[PDB]
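Asker: The data below comprise the sequence and an experimental structure of the protein.
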Amino acid sequence: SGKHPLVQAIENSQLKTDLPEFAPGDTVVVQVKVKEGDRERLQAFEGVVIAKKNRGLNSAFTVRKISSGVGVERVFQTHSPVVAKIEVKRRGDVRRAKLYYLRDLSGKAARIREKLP
RNA sequence: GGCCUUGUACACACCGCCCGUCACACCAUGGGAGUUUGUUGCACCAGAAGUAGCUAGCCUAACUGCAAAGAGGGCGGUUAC
């Protein structure tokens, strides 16, 4: 809430209200709307959350995965309608907010320990 | 020119035979800056399915228990090859 109240009201008018709770280090699945022609479908994007930005309607989060041997990252915008659904598969236990050190690790070295209840 | 003996790689029989360099043509081959294929010895990295061990996170028909539960099992995690 570092913006003017009018901007805050205009932004708050468009907030999603069913977002789950997740943190860096968690592995998540994102259902992404894909529209070609008149054809609509949901594509799954599963991976580790390596960064989270809490900025109200300007919130974002970065998901990293290994796809066919090639690392790929996507920075989703949390309140965008293209993000249909987010599910948390497993909760991770980490020591810092940003996990960029994972980019230089491969295989067993990049494993994230599960957070035990 | 004629007889005996002797040496000979000559027998078209010394107007014999025959060797090497240089020139011409053809063939196979050695060396050679490098270019390239296969295979292999060490050292390290990564590492599937599978097998062996550990683990106590989650889920659970046959057995025990009136029931909470227990035993057993499965999924997962983890190490070695």
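Answerer: All right, it came through fine. Numbers count the residues shown, from 1 in each chain, chains lettered A, B, ... in the order given.
Asker: now the closest residue to RNA strand B within chain A: how far from residue A:69?
Answerer: Nearest residue of chain A to RNA strand B (CB to the nearest atom of the strand) works out as residue A:107 at 2.1 Å. C-beta coordinates here come from the backbone N, C-alpha and C atoms, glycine included. Per CB to CB, to the nearest Å, residue A:107 is found 11 Å from residue A:69.
Asker: about what we covered before: what about the residue of chain A closest to RNA strand B, neighbour count?
Answerer: Close neighbours of residue A:107, defined as other CB atoms under 10 Å, add up to 7.
Asker: Repeat that for residue A:80.
Answerer: Using other CB under 10 Å, residue A:80 has 14 neighbouring residues.
Asker: what does chain A put close to RNA strand B?
Answerer: Contacts of chain A with RNA strand B, taken as CB under 7 Å from any atom of the strand, map to A:106, A:107, A:108, A:109, A:111, A:116, A:117.
Asker: Which ones among these lie within helices?
Answerer: Among the residues of chain A next to RNA strand B, none falls in helices (DSSP state H).
Asker: so which pair among those is furthest apart in space?
Answerer: By the measure CB to CB, A:106 and A:117 form the most distant pair in these, at 29.5 Å.
Asker: all helices of chain A, in order?
Answerer: Going by DSSP H, chain A shows helices at A:5-12.
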